[PDB]
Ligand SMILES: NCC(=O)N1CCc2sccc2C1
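Next up: just one chain, as structure tokens, the form solved without the named molecule.
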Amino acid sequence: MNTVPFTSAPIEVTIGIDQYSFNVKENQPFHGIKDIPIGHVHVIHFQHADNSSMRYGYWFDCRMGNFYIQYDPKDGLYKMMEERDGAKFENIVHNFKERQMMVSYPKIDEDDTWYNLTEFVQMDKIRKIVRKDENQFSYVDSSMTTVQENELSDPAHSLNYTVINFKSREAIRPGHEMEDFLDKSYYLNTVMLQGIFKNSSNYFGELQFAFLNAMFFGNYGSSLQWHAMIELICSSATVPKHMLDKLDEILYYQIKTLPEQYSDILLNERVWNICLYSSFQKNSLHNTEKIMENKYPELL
């Protein structure tokens, strides 16, 4: 179990850690989060009490280094940093566990939710979508735009998701126009899976990361990316059977975890009605269709 300590909490803020969250009052004696499960990526995220504008946060993996949070009063935000000095970090953290100044990552033992939302997400791939190579952790906020959004404006601060575009020369083989537009298997299997992602695990990893950025930061371009990656699979007549079964599980846990009150903005009615009821895979997502129908029957 690992720890993300804090120098202080000088401003009132709601802090999230994965799917959990808690309020910290201005100058409350808070010095971080302990008992963070090893083996998963994590996200620690922030919403200031005085400006709900800009949710922001940091993706990290405690196996990759010792990370802590310090408020920067010049830039006005909680920043993640790395301490090179291990012995000092252990010594400073222990002092805090002894004074009980940390909240405990509150994982129920039955609960596989975080695993199920991050199964294919790896820090190395996050760091290629979020380019800032001098840090081992990655910053994301509500306003960051994606590479594709910028094509339709700061490149260093972009989300470099894989561009998917159904009316593009990449998607459509000369002479197979109708075939490739109405059945996207070529684009899914040859162009994206074999060509760009190499395997379905990397595809699912980006899909899961896009969903989590949409949910936790309200990042609109991430939501677009999540839906496009769903739609590319559902609009393919030919999909490996293991991929469909895994997609059903992935989406099930995403829909299960989604705040009931964010469904209106985070779920695209056209994509979901198409995927569940018209697409080639309309009958291949049993778990996802059942939870969608019982939780969000309005959308459909």
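One-based numbering along the sequence shown.
A second form of this protein, the form deposited with the named molecule bound, is not displayed here; the remarks below concern that form.
Item to check | Non-hydrogen atom contact residue 190 with the named molecule in the bound PDB entry at 4.5 angstroms | outcome: Judged by the heavy-atom cut-off of 4.5 Å, residue 190 is well away from the named molecule in the bound PDB entry.
Checklist entry - So, in the bound PDB entry, is residue 153 in contact with the named molecule at a 4.5 angstroms heavy atom limit? => result No.
Checklist entry - Taking the shortest heavy atom distance, is residue 20 within 4.5 Å of the named molecule in the bound PDB entry? => result Yes, residue 20 is a contact residue.
Checklist entry - Who in 240 to 279 is close to the named molecule in the bound PDB entry, meaning a heavy atom within 4.5 Å? => result Result: empty, none.
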